[PDB]
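> here's my sequence, what's the structure:
(4 chains)
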Amino acid sequence: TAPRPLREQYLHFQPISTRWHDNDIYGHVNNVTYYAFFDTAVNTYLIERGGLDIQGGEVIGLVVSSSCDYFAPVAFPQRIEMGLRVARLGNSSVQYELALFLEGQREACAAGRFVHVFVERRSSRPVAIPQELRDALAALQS
Amino acid sequence: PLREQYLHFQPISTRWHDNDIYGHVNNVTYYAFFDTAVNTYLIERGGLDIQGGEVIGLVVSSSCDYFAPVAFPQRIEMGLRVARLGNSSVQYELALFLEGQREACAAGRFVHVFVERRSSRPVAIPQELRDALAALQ
Amino acid sequence: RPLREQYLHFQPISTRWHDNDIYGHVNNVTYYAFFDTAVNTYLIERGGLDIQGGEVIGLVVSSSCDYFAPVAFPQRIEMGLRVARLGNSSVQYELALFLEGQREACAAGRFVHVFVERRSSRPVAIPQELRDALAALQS
Amino acid sequence: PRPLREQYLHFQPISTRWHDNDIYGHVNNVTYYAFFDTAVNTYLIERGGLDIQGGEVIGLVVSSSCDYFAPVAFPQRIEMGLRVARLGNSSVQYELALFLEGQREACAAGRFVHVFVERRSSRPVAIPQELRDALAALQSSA
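Numbers count the residues shown, from 1 in each chain, chains lettered A, B, ... in the order given. Take a look:
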């Protein structure tokens, strides 16, 4: 059930350690937590490679849409990694595609998408993506 | 998406740490409201198979569009309806509104597949459950 | 265990589906989230313009909790609050959580805020309007 | 005074998440207790053989506390130190401290108590041997 993206389809990977409370009452990682992984993977990259300044930066990215399909369960305390790529890169917006893998492993357990719009921090009006971010996002394309 | 498109409403209060570093409810928390809105209904209305745990719903897909920000301590209202109702699965449509207001701040959906506890093998939706879901179409 | 009449301020707080952990009861970290929500709601409604506009903020420097009886989604909780010690820059809150129809708290704890200038995190005298709000919660 | 690395027996890195940071821009005080929960249960499952899915005996938290000395923020790297202070018939007191990568003095330090109970009834039980051994391995006379 449902075509499962492979590792080679993603341009950048990031390990994320699972926490006790990632598990829900059914004993696996709750479906809401995947979106926390998405947020974490994307912004870590933006901080590290795009020079995103989340404390005092004048430009920030806001999530305007997200989705996720869940293929196979994961559980604390398993080790997981996020694969990340950029699909469409617009003037002020960017579309990420993500997948979660059980480490060293081939087929994604879950895969989804989300969109940042870049905005003036202190107004929240859409801005053209600053170059240093633009180049970090492009590095993740195709 | 407007208030009158949804059939069932649940108020939810925000918590302090709902806000993220940019000062609004983090996008991830909206999914928690989605779940809390649905599972509150299922728990209060969904039958003994739901209530006792022999039959459980697992989320297999979800999504969300964000139109306008909310922030702790704002009180929110979740609107809910059921779109498709299959043999063992259901697709929910939700929208978050601020009190008094017609236009949604945020709107999405998700699917439960219903399954036996032990096996996670898909099961036909129990009748009391089915009734409760059909009531939201 | 603590009783309702030992506190000065009460607020309901509803649970969420994923408050529950793997063992089926509200996870023990969520109780601190309640403490913070209860105190910060009070501060926002009563705390003063220096709180309300954000030049002065409270930071948590210690906290603790005793857990007596479990809580589970979708149970609704009554938070009792009082202020124990009120210093120059800092305040100790005492909280207890109650379920409808148990006399005794299911859980109780405490935490300390230090008030600080937000842009620098340096401790400040508690602003008057805030201090007044806090004093009103001293037994 | 802040606790030091050398005072702890067992260490566990935890990756910070986007939403760990609160509106003041650092890791919220509440999240520290998720680190406590995470560090302790990882150890019980990996070294103690705790079975969180179908085990008959589980640990429940009966008290916990924390002191916070210096802030940390996502996306910093953090490590939990762990030792066992008191070890009783059915209960155990853990001492934990959070350290930034390659820093000797704790950012925060606290404790929590597990009582071990039969899962179905929550009645306290003698700690199972295999778990007791794992806990005793974290006690030092140093």
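
> just give me the residue right at the centre of chain A.
Centroid-nearest residue in chain A, with CA atoms, centre = their mean: residue A:38, separated by 3.2 Å.

> what is the burial count for the residue lying closest to residue A:99 once chain neighbours are set aside?
Leaving aside its chain neighbours, residue A:99 sits nearest to residue A:108 (3.7 Å; criterion: CB to CB, 6 or more residues apart in numbering or on different chains). C-beta coordinates here come from the backbone N, C-alpha and C atoms, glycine included. Other residues lying near residue A:108 total 26 when counted by other CB atoms under 10 Å in any protein chain shown.

> distance of residue A:108 relative to residue A:82?
10 Å (CB to CB, to the nearest Å).

> next one: residue A:104
Applying CB to CB to residue A:104 and residue A:82 gives a distance of 14 Å.

> neighbour-wise, which of the two wins?
The residue with more neighbours, out of residue A:104 and residue A:82, is residue A:82; 24 against 8, by other CB under 10 Å.

> pretty sure the more buried one contacts residue A:97?
No. If you go by CB atoms under 8 Å, residue A:82 and residue A:97 don't touch, sitting 10.9 Å apart.

> which residues do residue A:108 and residue A:82 both contact?
Jointly contacting residue A:108 and residue A:82 under the rule CB atoms under 8 Å, 6 or more residues apart in numbering or on different chains are A:99, A:100, A:101.

> for those residues, which one is nearest residue A:89?
Taking CB to CB as the measure, residue A:89 lies nearest residue A:99 of these, at 18.9 Å.

> tell me the SS of that closest one?
In terms of secondary structure, residue A:99 is strand; the call rests on DSSP: H, G, I helix; E, B strand; the rest coil.

> ok, residue A:139 - contacts?
A:11, A:49.

> ok, stretch A:67-86 near chain B or not?
Yes. Using CB under 8 Å from any CB of the partner chain, stretch A:67-86 reaches chain B at A:67, A:68, A:69, A:70.

> kindly report the same for stretch A:30-47.
Yes. Applying CB under 8 Å from any CB, one finds stretch A:30-47 in contact with chain B at A:31, A:32, A:35, A:36, A:39.

> surely residue A:40 is within a helix?
Yes. With three-state DSSP as the criterion, residue A:40 is part of a helix.

> which residues sit in contact with it?
Neighbours of residue A:40 in contact, by CB under 8 Å, 6+ apart: A:14, A:16, A:82, D:15, D:17, D:18, D:74.

> mind redoing it with 10 Å?
A:14, A:16, A:82, B:28, D:15, D:16, D:17, D:18, D:19, D:20, D:74, D:75 (CB atoms under 10 Å, 6 or more residues apart in numbering or on different chains).

> tell me which of the residues you listed fall in helices.
Among the contacts of residue A:40, none falls in helices (DSSP state H).

> show me what counts as buried in stretch A:80-99.
In terms of neighbour count (16 or more other CB atoms under 10 Å in any protein chain shown), stretch A:80-99 has its buried residues at A:80-86, A:93-99.

> quick one: which two of these are the most distant?
A:80 and A:93 (27.4 Å).

> show me where chain A has its strands.
A:12-17, A:59-70, A:79-89, A:93-102, A:110-120 (DSSP state E).

> so which bits of chain A are right by chain D?
A:14-23, A:26-28, A:33, A:35-48, A:54-56, A:75-77 (CB under 10 Å from any CB of the partner chain).

> go ahead and confirm residue A:9 touches residue A:106.
No. Contact between residue A:9 and residue A:106 fails when scored by CB atoms under 10 Å: they sit 11.0 Å apart.

> which strand residues bridge the residue in chain A positioned nearest to chain B?
Residue of chain A nearest chain B, by CB to the nearest CB: residue A:67 (3.5 Å). In this structure, residue A:67 bridges to residue A:113, residue B:63 when assessed by DSSP bridges.

> ok, it - how many residues close by?
Neighbour tally, residue A:67, other CB under 10 Å: 19.

> contacting residues for it?
So residue A:67 contacts A:35, A:38, A:111-115, B:61-65, B:108-110 (CB under 10 Å, 6+ apart).

> hmm, try it at 8 Å
Counted by CB under 8 Å, 6+ apart, residue A:67 has contacts A:112, A:113, A:114, B:61, B:62, B:63, B:64.

> quick one: which two of those residues are the most distant?
A:114 and B:61 (14.2 Å).
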